[PDB]
Amino acid sequence: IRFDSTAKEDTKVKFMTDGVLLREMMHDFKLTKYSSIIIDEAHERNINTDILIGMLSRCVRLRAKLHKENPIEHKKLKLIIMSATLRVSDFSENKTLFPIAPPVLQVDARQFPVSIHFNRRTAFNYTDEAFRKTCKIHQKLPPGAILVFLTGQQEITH
Amino acid sequence: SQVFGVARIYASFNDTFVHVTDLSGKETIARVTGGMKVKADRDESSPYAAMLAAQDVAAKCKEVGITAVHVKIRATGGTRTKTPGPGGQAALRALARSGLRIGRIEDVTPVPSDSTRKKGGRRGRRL
Amino acid sequence: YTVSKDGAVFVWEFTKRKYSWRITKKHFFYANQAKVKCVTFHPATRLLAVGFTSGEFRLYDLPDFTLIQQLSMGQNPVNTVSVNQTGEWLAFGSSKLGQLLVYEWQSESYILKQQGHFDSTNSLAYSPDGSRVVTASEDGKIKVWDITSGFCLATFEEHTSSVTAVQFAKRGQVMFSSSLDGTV
Amino acid sequence: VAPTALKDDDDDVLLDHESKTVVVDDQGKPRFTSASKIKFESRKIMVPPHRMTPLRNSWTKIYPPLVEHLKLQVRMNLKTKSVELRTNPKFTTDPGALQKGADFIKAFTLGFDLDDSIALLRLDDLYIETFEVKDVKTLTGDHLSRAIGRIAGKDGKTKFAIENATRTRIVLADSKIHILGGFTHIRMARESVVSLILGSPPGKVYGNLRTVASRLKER
Amino acid sequence: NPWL
Amino acid sequence: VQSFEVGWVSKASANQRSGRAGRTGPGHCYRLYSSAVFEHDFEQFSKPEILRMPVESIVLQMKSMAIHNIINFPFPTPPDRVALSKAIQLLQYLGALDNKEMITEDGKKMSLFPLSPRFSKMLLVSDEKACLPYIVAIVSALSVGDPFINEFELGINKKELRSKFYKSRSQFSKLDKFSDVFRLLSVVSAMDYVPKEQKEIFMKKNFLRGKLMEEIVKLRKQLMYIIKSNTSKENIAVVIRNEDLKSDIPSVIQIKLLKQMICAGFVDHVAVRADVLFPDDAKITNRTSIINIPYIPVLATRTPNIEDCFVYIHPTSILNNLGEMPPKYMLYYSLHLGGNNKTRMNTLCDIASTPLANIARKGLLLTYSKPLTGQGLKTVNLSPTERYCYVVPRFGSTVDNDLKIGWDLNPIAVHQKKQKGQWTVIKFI
Amino acid sequence: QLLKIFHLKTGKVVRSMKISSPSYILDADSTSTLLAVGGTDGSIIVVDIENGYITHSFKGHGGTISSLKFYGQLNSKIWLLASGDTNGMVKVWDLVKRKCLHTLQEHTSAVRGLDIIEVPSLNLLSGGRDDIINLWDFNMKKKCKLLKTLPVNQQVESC
Amino acid sequence: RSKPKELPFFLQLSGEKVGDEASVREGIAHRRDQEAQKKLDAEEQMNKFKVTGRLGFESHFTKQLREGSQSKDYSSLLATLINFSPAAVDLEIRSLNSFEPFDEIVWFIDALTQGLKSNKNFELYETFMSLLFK
């Protein structure tokens, strides 16, 4: 979860934040240690992730050049991107990320239709109306896990 | 909160003894001398020996728990000198330097109402 | 501004007590025993050069009386002091040994520092080429003089008594002198 | 105007209750706020009967160095005829200024001149050596009196020689001798005093005394 | 108050 | 400034959120906001966060990333090249960035602060001589806005309401005569002493928006906590104290220090009188009102016509209605382009010459000349590399380059030590 | 009377601070972040090791401090300090509330052993040089009862 | 060569002077302080003189050096170097900026290189060049 802390040497799969990869990648430009990099939540397209995808695109070029000199001496770097949305074309179109488009792969999940509902009037006290509404859900709907969205943490605990 | 000792200094012409005890006296808490703290015998009476001697007990004094001491300085006495030498005062300085709470200072040199004949003889000594 | 030999500088202003001259400010030179002997003032730059009888002079800024510099010519009274038109060069001199210097107080540099024989010059010798001339006096000190500049490059005081004669070698690299102390 | 007449300020000042809770870090550890951000000693020295009058006229030179340099609280008790020193906890800074002050009064108490005693405050390596003539040799009657004269000498010439060479002060209080100086220096003073007691003429020790005076200046 |  | 706010999500973001309702099994998706509100107030696809963060913040983050150049960096979505270079020049002027484009030590801290780099620099120099509770109070006011209502807007100009308005505008400025941010600081601070029961009356007397201060009052707590976190190593352990928010009246020395903190934050947005930089070039006199008196920024480009450079002070600003000659250097939060005849300026405070150099010593704008040779102007040379002497500094643009339009500061004593063949400013002496 | 913090990995002395009196009792919490210093003057100084600053300064004990014990768990707000002096006095200081939560005088000699444990209510094990062990049960409320006194028959240096 | 010719109450004396030769035997035993007063003397000189007269940024010499490089004609510059006093020239030579790209030094070399072509003031231009290396 941090910059300073270190995972054990035995570990071969590594979980970390976008900023954490930045600083590790500050510490080493080559990333000969990391054979592949996985980008998740790309559809969010966070700046600290956008700074990551870019500087990373510089490194994969180096590892491509290092691979070109000798595949055995220098390890190739694989760039894999995960995006909930299908709009990775904007990444694809850019010249800075690379010269030529790589193939884009799409996986479609079996998702059951969602019936969509809206209240007649939006409530300023959205937290309180949601609570009454959440109680109304349990009263009328059968047992099922409920996912709620509140912006503020203190409102959530409230 | 203030536990008291008695810091007894014996300042002889050739050595200085710094002895800290309880109020009554039989129990020794710490005893060091110039001979402890010097490499040559000629400098045992030196004030430098007294200070490093006095500092040693003071650290040992804070160890047991005693935070104050009553000073009972003395000299060799008998038919010899009555006044403590420079080593005795220098030790008293160091005890103040160590930080121990000094309660009372008294001279307990043995003064004889009558003294036997001195070692020197008729012609004298200390040439 | 009026200055006295005792070492006091008075600033006079025409002011209402209806209007008359009054001493608004008083400045004093705290010389232990030296007396103000010669003085000059440059209104444009507000410099006051005072030569004292002890042989030392002070450069002051008026009216704030700031001591720009204190510097001594010797143990002899400074006879005369003069200021340049621009005010950057100061000339001092005294009669007993015959001093004349030109002081550039801006850069603390010496445009001129030249000396005359205390006694009569007893003998003279030209360098073989004539570029320099060496003079000797009853004092016993030798001086080397540049004909083109007319200024003394060096002075020698090793001889105890009066130097009687001076001569150059044919090369001109060496110089020889005989003195009344009993040495050559 | 005189009849002889013709016809911003830039300022110099330039820039260069504990919380009652805990906060848990991502490591799981606790982190807590910062916490809220010389003892009284006395010394008693008694003055003998013969030293009040010297104390009384010289006092105005005694309390200043104790009270402002050394920062001690001064009194002498008329009822008990003793000088009392105390450390002020809120002002005194050197925990030893008292004891240097206590030795200061003692040096004057034994009979030393005030200016000589100030060296005790000035220095930290000055001590007092005290002994008694009968300790050196058992002298009585006129024999005792003669020995004392030898230490002083004519017009105090002999002590003043001991005084200059060995770099100490010596107070010849009847049969009691007190020597003030550095440890080696007081020892260099003592044997000379002892030698006169045992019968050495002043002239010979004056020669030996002038020998030691040399090695001091070379070293 | 002082600010007033 | 950049601030984090609750705001409507994108339509597609909302649709995905409906999806996980039905991912496990077919789902009823509920929305508190109405469908008709949803079409109007929700954007189809959320704006890229790169577009959302400030460009200067993007640069500073990259400088924390030590990226050799913003342009050599590869990225998906472009800000303009010139804007990125301008941000680099902007950060350099603050002292955040070196001439070699490396991030300074102070540059690293402004990167750490979530707030904007201009406002971040304030959080650094805020904690000076117990002026910290203020610079938060100023900064909170600056970001939130101006609580005051103009007399023209009110329509009071009925006459008696102008007198009370003028008295209210007067009691704002009793703290600082010539500064417009500090009179506001006296006000945002003033209501704090005022009781809650009487706040609304105080709000009405001074024509102050009752709501806009509660966000200021809330915001100052948040800002002080962030500063207390960043300054202290135990950044989570520190907690916000209402007494810390509480502030005691400044000293005149503190005011001058406060004027310095104001200048560090907008060191670029500082303008001298146009007449001061060109005396007699444009006719000016006391009769000309402070609207008429022109100003020209050091950072502004020199223009073929002087009036184009000229910028003019606001009427609502106290310095305009004092009726006294304004000071030489004025410093503004923002330049208001409204008004073809005269371009409007709001000035926080008045910054003096040598102190302006002190925000300049920190920053990279200042340019120092060579030592001078004159009466009493000798240079002390303690060691071969270090010296003391008086040097004329020129703020921003030098005399040699005429593309910009800078002003020259009066010479000040300074210690100089040679590094890389040029003598760096150790400290003015 | 100088506390010095040394970092093994860095190999340098990171922090150096001055304590009021000589301290012969040093304790470190299981989480390896807080350090309590027990001086002969009866003062307790609690220091954050990583940050090198004093967090708490408790002055309640009269005699010399003989035993110090840290209690609590990661991701918890039940952080506690138990201090025992040479007079048989034991005090349970609460770091969160910064106050003496409980005070004990059941021991007569110096207390050299302290230990707290959670009862699934917290149990304190106090042991001193008087050859007895005392078991106390307490909570954050004003509850502190002596359960058992075990004669262990030896000078309890640590328990 | 033209430069003109030139206690604490708790005194801290220890060692053989005060008579504790035992300290000497057992082994236990101000230039920066002079470094400390010289900076005090330096700042004292700075405070002694507080001239506040306004000035232009660039001196006359450096202005012509910049202009000469702009016009590739240092004749106006070369004229004023000859007029400068021996002190005036050397102060300018020491001053010239020594940071990269070293434009002022390069400009100065070009000016004197022009001077040598003129074959006038040959000795003077030679000495200016010597002072540059110095």
# chains A, B, ... in the order shown; residues from 1 in each chain; ligands from 1
>>> residues_around(residues="residue 85 (chain H)", least_positions_apart="4", cutoff="12 Å", atoms="only C-alpha atoms", output="MDAnalysis selection string")
(chainID C and resid 107 111) or (chainID H and resid 80:81 89:92 124)
>>> write_last_selection(atoms="N, CA, C and O atoms", output="PDB file, in the first residue's frame")
ATOM      1  N   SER C 107      39.682  54.036  -4.068  1.00  0.00           N
ATOM      2  CA  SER C 107      40.215  52.692  -4.229  1.00  0.00           C
ATOM      3  C   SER C 107      41.292  52.359  -3.207  1.00  0.00           C
ATOM      4  O   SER C 107      41.835  51.251  -3.241  1.00  0.00           O
ATOM      5  N   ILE C 111      48.602  57.391  -5.721  1.00  0.00           N
ATOM      6  CA  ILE C 111      49.022  57.918  -7.016  1.00  0.00           C
ATOM      7  C   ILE C 111      50.468  58.396  -6.942  1.00  0.00           C
ATOM      8  O   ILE C 111      51.248  58.208  -7.883  1.00  0.00           O
TER       9      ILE C 111
ATOM     10  N   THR H  80      37.033  53.107 -25.050  1.00  0.00           N
ATOM     11  CA  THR H  80      36.878  53.418 -23.631  1.00  0.00           C
ATOM     12  C   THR H  80      37.813  52.582 -22.761  1.00  0.00           C
ATOM     13  O   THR H  80      38.180  53.007 -21.659  1.00  0.00           O
ATOM     14  N   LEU H  81      38.210  51.393 -23.227  1.00  0.00           N
ATOM     15  CA  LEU H  81      39.204  50.624 -22.481  1.00  0.00           C
ATOM     16  C   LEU H  81      40.525  51.377 -22.399  1.00  0.00           C
ATOM     17  O   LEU H  81      41.178  51.389 -21.348  1.00  0.00           O
ATOM     18  N   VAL H  89      40.348  49.498 -15.536  1.00  0.00           N
ATOM     19  CA  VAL H  89      40.329  48.373 -16.470  1.00  0.00           C
ATOM     20  C   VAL H  89      40.325  47.053 -15.713  1.00  0.00           C
ATOM     21  O   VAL H  89      39.502  46.169 -15.980  1.00  0.00           O
ATOM     22  N   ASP H  90      41.226  46.907 -14.738  1.00  0.00           N
ATOM     23  CA  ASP H  90      41.416  45.614 -14.092  1.00  0.00           C
ATOM     24  C   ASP H  90      40.179  45.200 -13.307  1.00  0.00           C
ATOM     25  O   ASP H  90      39.859  44.008 -13.221  1.00  0.00           O
ATOM     26  N   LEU H  91      39.471  46.168 -12.722  1.00  0.00           N
ATOM     27  CA  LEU H  91      38.197  45.860 -12.083  1.00  0.00           C
ATOM     28  C   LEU H  91      37.207  45.293 -13.090  1.00  0.00           C
ATOM     29  O   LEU H  91      36.480  44.338 -12.789  1.00  0.00           O
ATOM     30  N   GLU H  92      37.162  45.869 -14.293  1.00  0.00           N
ATOM     31  CA  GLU H  92      36.265  45.354 -15.322  1.00  0.00           C
ATOM     32  C   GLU H  92      36.664  43.943 -15.744  1.00  0.00           C
ATOM     33  O   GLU H  92      35.803  43.075 -15.923  1.00  0.00           O
ATOM     34  N   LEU H 124      48.870  47.827 -25.267  1.00  0.00           N
ATOM     35  CA  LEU H 124      47.751  47.814 -24.329  1.00  0.00           C
ATOM     36  C   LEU H 124      46.868  46.592 -24.539  1.00  0.00           C
ATOM     37  O   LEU H 124      46.597  45.849 -23.589  1.00  0.00           O
TER      38      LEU H 124
END
>>> interface_residues(of="chain F", to="chain D", cutoff="6 Å", atoms="only C-alpha atoms", output="list in words")
residues 237, 238 and 354 of chain F
>>> select_by_dssp(residues="region 7-143 of chain A", states="helix (DSSP H, G or I)", output="PyMOL selection string")
chain A and resi 18-27+42-44+47-69+89-93+126-140
>>> residues_around(residues="residue 102 (chain C)", least_positions_apart="2", cutoff="10 Å", atoms="only C-alpha atoms", output="NGL selection string")
:C and (81-84 or 88-93 or 100 or 104-105 or 109-114)
>>> residues_around(residues="residue 159 (chain C)", least_positions_apart="2", cutoff="8 Å", atoms="only C-alpha atoms", output="list in words")
residues 140, 141, 156, 157, 161, 162, 163, 179, 181 and 183 of chain C
>>> residues_around(residues="residue 1 (chain E)", least_positions_apart="4", cutoff="9 Å", atoms="only C-alpha atoms", output="list in words")
residues 190, 193 and 194 of chain F
>>> select_by_dssp(residues="chain A", states="strand (DSSP E)", output="PyMOL selection string")
chain A and resi 36-39+78-81+114-116
>>> residues_around(residues="residue 3 (chain E)", least_positions_apart="4", cutoff="12 Å", atoms="only C-alpha atoms", output="list in words")
residues 171, 172, 173, 174, 175, 176, 182, 183, 184, 185, 186, 187, 188, 189, 190, 191, 192, 193, 194, 247, 248, 249 and 250 of chain F
>>> closest_residue(among="A:58, A:78, A:23, A:65", to="residue 35 (chain A)", atoms="only C-alpha atoms")
A:78
>>> residues_around(residues="residue 113 (chain G)", least_positions_apart="2", cutoff="6 Å", atoms="only C-alpha atoms", output="MDAnalysis selection string")
chainID G and resid 67 111 126:127 158:159
>>> interface_residues(of="chain D", to="chain B", cutoff="8 Å", atoms="only C-alpha atoms", output="list in words")
residues 39, 41, 95, 96, 99, 127, 128, 129, 130, 131, 132, 135, 136, 137, 138, 183, 191, 194, 195 and 198 of chain D
>>> closest_atom_pairs(of="chain H", to="chain F", cutoff="12 Å", atoms="only C-alpha atoms", output="CSV")
residue,atom,partner,partner_atom,distance
H:34,CA,F:382,CA,11.6
H:35,CA,F:382,CA,9.1
H:36,CA,F:382,CA,11.0
H:37,CA,F:382,CA,11.1
H:38,CA,F:382,CA,7.5
H:39,CA,F:382,CA,7.5
H:40,CA,F:382,CA,10.9
H:41,CA,F:380,CA,9.5
H:42,CA,F:380,CA,6.3
H:43,CA,F:429,CA,6.9
H:44,CA,F:429,CA,9.8
H:45,CA,F:380,CA,8.1
H:46,CA,F:413,CA,6.9
H:47,CA,F:429,CA,8.2
H:48,CA,F:376,CA,8.8
H:49,CA,F:376,CA,6.1
H:50,CA,F:413,CA,8.4
H:51,CA,F:376,CA,7.9
H:52,CA,F:411,CA,6.9
H:53,CA,F:410,CA,7.7
H:54,CA,F:410,CA,5.9
H:55,CA,F:392,CA,7.4
H:56,CA,F:408,CA,8.0
H:57,CA,F:369,CA,6.2
H:58,CA,F:369,CA,7.1
H:59,CA,F:370,CA,8.5
H:60,CA,F:372,CA,11.8
H:61,CA,F:370,CA,11.7
H:62,CA,F:370,CA,9.9
H:63,CA,F:400,CA,8.6
H:64,CA,F:400,CA,11.5
H:65,CA,F:400,CA,11.6
H:66,CA,F:400,CA,8.4
H:67,CA,F:400,CA,9.8
H:70,CA,F:400,CA,11.3
H:87,CA,F:373,CA,10.6
H:88,CA,F:373,CA,9.1
H:89,CA,F:373,CA,12.0
H:91,CA,F:373,CA,8.7
H:92,CA,F:370,CA,9.8
H:94,CA,F:370,CA,10.7
H:95,CA,F:370,CA,7.1
H:96,CA,F:370,CA,8.8
H:97,CA,F:422,CA,7.0
H:98,CA,F:421,CA,4.7
H:99,CA,F:421,CA,4.9
H:100,CA,F:421,CA,8.2
H:101,CA,F:421,CA,11.0
H:102,CA,F:421,CA,9.6
H:105,CA,F:421,CA,12.0
>>> interface_residues(of="chain H", to="chain D", cutoff="8 Å", atoms="only C-alpha atoms", output="list in words")
residues 9, 10, 11, 12, 13, 14, 18, 19, 20 and 21 of chain H
>>> closest_atom_pairs(of="chain G", to="chain D", cutoff="9 Å", atoms="only C-alpha atoms", output="CSV")
residue,atom,partner,partner_atom,distance
G:31,CA,D:29,CA,6.4
G:32,CA,D:29,CA,8.4
G:33,CA,D:29,CA,7.0
G:34,CA,D:30,CA,8.3
G:48,CA,D:31,CA,7.9
G:53,CA,D:34,CA,6.9
G:54,CA,D:34,CA,6.1
G:55,CA,D:34,CA,4.9
G:56,CA,D:35,CA,5.4
G:57,CA,D:35,CA,6.7
G:73,CA,D:28,CA,8.6
G:74,CA,D:28,CA,4.9
G:75,CA,D:28,CA,4.6
G:76,CA,D:24,CA,7.6
G:77,CA,D:22,CA,7.1
G:79,CA,D:30,CA,8.2
G:95,CA,D:22,CA,8.3
G:96,CA,D:21,CA,5.4
G:97,CA,D:20,CA,5.9
G:98,CA,D:20,CA,7.1
>>> write_last_selection(atoms="N, CA and C atoms", output="PDB file, in the first residue's frame")
ATOM      1  N   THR G  31       4.072  -3.348  18.860  1.00  0.00           N
ATOM      2  CA  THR G  31       3.978  -2.763  17.530  1.00  0.00           C
ATOM      3  C   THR G  31       5.249  -2.032  17.114  1.00  0.00           C
ATOM      4  N   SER G  32       6.216  -1.876  18.020  1.00  0.00           N
ATOM      5  CA  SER G  32       7.548  -1.374  17.681  1.00  0.00           C
ATOM      6  C   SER G  32       7.505   0.084  17.228  1.00  0.00           C
ATOM      7  N   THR G  33       6.749   0.911  17.953  1.00  0.00           N
ATOM      8  CA  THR G  33       6.644   2.334  17.647  1.00  0.00           C
ATOM      9  C   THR G  33       6.702   3.250  18.858  1.00  0.00           C
ATOM     10  N   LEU G  34       6.365   2.775  20.054  1.00  0.00           N
ATOM     11  CA  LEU G  34       6.296   3.609  21.243  1.00  0.00           C
ATOM     12  C   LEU G  34       7.283   3.084  22.278  1.00  0.00           C
ATOM     13  N   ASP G  48       7.854   8.441  20.607  1.00  0.00           N
ATOM     14  CA  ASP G  48       7.586   7.801  19.322  1.00  0.00           C
ATOM     15  C   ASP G  48       8.925   7.546  18.637  1.00  0.00           C
ATOM     16  N   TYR G  53       9.778  12.038  19.009  1.00  0.00           N
ATOM     17  CA  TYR G  53       9.224  13.103  19.831  1.00  0.00           C
ATOM     18  C   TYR G  53       8.514  12.493  21.031  1.00  0.00           C
ATOM     19  N   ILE G  54       8.435  13.273  22.105  1.00  0.00           N
ATOM     20  CA  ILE G  54       7.778  12.826  23.328  1.00  0.00           C
ATOM     21  C   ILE G  54       6.272  12.969  23.156  1.00  0.00           C
ATOM     22  N   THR G  55       5.549  11.866  23.347  1.00  0.00           N
ATOM     23  CA  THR G  55       4.093  11.855  23.243  1.00  0.00           C
ATOM     24  C   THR G  55       3.404  12.081  24.580  1.00  0.00           C
ATOM     25  N   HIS G  56       3.905  11.466  25.651  1.00  0.00           N
ATOM     26  CA  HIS G  56       3.313  11.582  26.975  1.00  0.00           C
ATOM     27  C   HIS G  56       4.407  11.845  27.998  1.00  0.00           C
ATOM     28  N   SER G  57       4.055  12.600  29.038  1.00  0.00           N
ATOM     29  CA  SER G  57       4.950  12.887  30.159  1.00  0.00           C
ATOM     30  C   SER G  57       4.137  12.723  31.441  1.00  0.00           C
ATOM     31  N   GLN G  73      -3.429  -3.647  20.864  1.00  0.00           N
ATOM     32  CA  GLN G  73      -3.385  -4.415  19.628  1.00  0.00           C
ATOM     33  C   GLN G  73      -3.324  -3.467  18.436  1.00  0.00           C
ATOM     34  N   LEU G  74      -2.829  -3.989  17.317  1.00  0.00           N
ATOM     35  CA  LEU G  74      -2.841  -3.228  16.078  1.00  0.00           C
ATOM     36  C   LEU G  74      -4.273  -2.889  15.685  1.00  0.00           C
ATOM     37  N   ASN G  75      -4.458  -1.685  15.140  1.00  0.00           N
ATOM     38  CA  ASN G  75      -5.782  -1.200  14.759  1.00  0.00           C
ATOM     39  C   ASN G  75      -6.721  -1.194  15.963  1.00  0.00           C
ATOM     40  N   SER G  76      -6.241  -0.643  17.077  1.00  0.00           N
ATOM     41  CA  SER G  76      -6.994  -0.590  18.319  1.00  0.00           C
ATOM     42  C   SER G  76      -6.790   0.764  18.986  1.00  0.00           C
ATOM     43  N   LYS G  77      -7.770   1.145  19.807  1.00  0.00           N
ATOM     44  CA  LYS G  77      -7.728   2.379  20.582  1.00  0.00           C
ATOM     45  C   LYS G  77      -7.721   2.088  22.084  1.00  0.00           C
ATOM     46  N   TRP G  79      -4.847   1.354  23.792  1.00  0.00           N
ATOM     47  CA  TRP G  79      -3.452   1.497  24.180  1.00  0.00           C
ATOM     48  C   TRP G  79      -3.319   1.929  25.635  1.00  0.00           C
ATOM     49  N   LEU G  95      -2.975   5.895  27.656  1.00  0.00           N
ATOM     50  CA  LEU G  95      -2.396   6.797  26.667  1.00  0.00           C
ATOM     51  C   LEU G  95      -3.481   7.581  25.939  1.00  0.00           C
ATOM     52  N   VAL G  96      -4.603   6.928  25.630  1.00  0.00           N
ATOM     53  CA  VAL G  96      -5.670   7.592  24.885  1.00  0.00           C
ATOM     54  C   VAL G  96      -6.271   8.726  25.708  1.00  0.00           C
ATOM     55  N   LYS G  97      -6.573   8.467  26.983  1.00  0.00           N
ATOM     56  CA  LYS G  97      -7.188   9.465  27.851  1.00  0.00           C
ATOM     57  C   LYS G  97      -6.166  10.234  28.685  1.00  0.00           C
ATOM     58  N   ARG G  98      -4.887   9.860  28.628  1.00  0.00           N
ATOM     59  CA  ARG G  98      -3.812  10.629  29.261  1.00  0.00           C
ATOM     60  C   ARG G  98      -4.048  10.819  30.757  1.00  0.00           C
TER      61      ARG G  98
END
>>> atom_distance(atom1="CA of residue 5 (chain H)", atom2="CA of residue 41 (chain C)")
26.6 Å
>>> atom_distance(atom1="CA of residue 75 (chain B)", atom2="CA of residue 38 (chain B)")
20.9 Å
>>> interface_residues(of="chain A", to="chain F", cutoff="8 Å", atoms="only C-alpha atoms", output="PyMOL selection string")
chain A and resi 22-23+26+44-47+50-51+53-55+57-58+90-91+94+96-97+110-123+126+129-130+147+151
>>> decode(residues="region 303-327 of chain F", atoms="C-alpha atoms", output="short mmCIF file (atom, residue, chain, number, x, y, z; two decimals), in the first residue's frame")
data_model
loop_
_atom_site.label_atom_id
_atom_site.label_comp_id
_atom_site.auth_asym_id
_atom_site.auth_seq_id
_atom_site.Cartn_x
_atom_site.Cartn_y
_atom_site.Cartn_z
CA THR F 303 3.72 46.74 -25.93
CA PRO F 304 4.10 49.19 -28.84
CA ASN F 305 1.64 51.55 -27.14
CA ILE F 306 2.24 52.21 -23.44
CA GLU F 307 -1.47 52.32 -22.58
CA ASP F 308 -1.86 48.71 -23.70
CA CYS F 309 0.52 47.65 -20.93
CA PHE F 310 -1.22 50.02 -18.50
CA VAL F 311 -3.56 48.44 -15.94
CA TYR F 312 -5.69 50.35 -13.44
CA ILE F 313 -6.96 49.82 -9.90
CA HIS F 314 -10.52 48.95 -8.90
CA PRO F 315 -12.92 51.58 -7.49
CA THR F 316 -14.25 49.34 -4.69
CA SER F 317 -10.64 48.87 -3.56
CA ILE F 318 -9.92 51.09 -0.55
CA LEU F 319 -6.69 52.40 -2.08
CA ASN F 320 -8.88 54.05 -4.70
CA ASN F 321 -11.22 55.83 -2.26
CA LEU F 322 -8.58 56.88 0.28
CA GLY F 323 -7.78 59.81 -2.00
CA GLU F 324 -4.02 59.48 -1.40
CA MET F 325 -1.25 58.78 -3.88
CA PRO F 326 -0.92 54.98 -4.27
CA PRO F 327 2.33 53.18 -3.45
#
